[PDB]
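In the block that follows, a single chain appears as structure tokens, in the form deposited in one PDB entry.
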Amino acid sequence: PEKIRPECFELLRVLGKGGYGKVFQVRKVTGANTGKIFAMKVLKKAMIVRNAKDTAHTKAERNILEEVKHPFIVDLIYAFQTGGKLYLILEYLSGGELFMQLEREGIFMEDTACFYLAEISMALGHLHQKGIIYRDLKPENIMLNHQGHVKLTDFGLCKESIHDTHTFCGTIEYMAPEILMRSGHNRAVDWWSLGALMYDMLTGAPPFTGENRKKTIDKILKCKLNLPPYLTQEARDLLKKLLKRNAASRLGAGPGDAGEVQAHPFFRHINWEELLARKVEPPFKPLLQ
């Protein structure tokens, strides 16, 4: 049996740092996967007990996450606790954030947006089946692997550096009204957020923005959707079906879940079997760019 220790990993570079802890790119230097590169998160258990909402919740989420096998969800490989720290060993993802692609491109062609949103919808469908709600599809929460395919990566504890309960840490621009109102929610919040992300991809900004936090929340709650005249009929129709205040009435909120969204005419050109098999050419290939 292999004894996993922090000493099994050499540190290569820092990928992130915050109040809860720190993320490293690492190389495993002993055991079966000697030489393989991973992402290693190191969380301060002392900090976790302090800043929290429900550790049982986030623990259960990571418990499920560890067992998930899906091409568009991050692989949480090992998890162990020694010292006063929690170590999470994940697959290393070299393609950067979807945020970075949007920053570069300004806005996406509809075919580009369609590709990413399609892969994301399959990840969401799988998550819901396994009992996970993603909550927040801000483009920083979606990474790309070396090929340019989506990996959902933001689970469990709040990874923000500047905090605020952790609902309002970081941008709330992609989160459903009922999360912000703390009025109770379910997987329908994910289809809202997919819509907010789609809107950002196609127009350059999330749907509801304010000069400050208070005004932004007010706009999200009012949910007065402004549909740009320059987007296709299919894009506008999907957006109006996702970005609805009535959570129950969102496309995807019914019993078919992701199947409802995937059937929409906006995705008419997607071959879902090829997409899942990652046989569809991504719009952007990190290794080549």
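Note that the rigid core is defined as the largest set of C-alphas that superpose within 1.5 Å between two forms. Numbering starts at 1 and runs along the sequence shown.
FYI, the form deposited in another entry isn't displayed, but the following is about it.
Aligning the rigid core between this form and the one not shown and inspecting 178, 110, 91, 140, the C-alpha positions shift by 2 Å or more at one residue, which is 178.
Once both forms are overlaid on the rigid core, the distance between the two CA positions of residue 241 between this form and the one not shown is under 2 angstroms. After superposition on the rigid core, the Cα atom of residue 232 is displaced by less than 2 Å between this form and the one not shown. Once both forms are fitted on their core, a CA shift of 2 Å or more is seen for residue 10 between this form and the one not shown. Compared with the form shown here, the Cα atoms of residue 121 and residue 184 move at least 3 Å closer together in the other form. The pair residue 141 and residue 179 is looser in the other form: their Cα-Cα distance rises by no less than 3 Å compared with this form.
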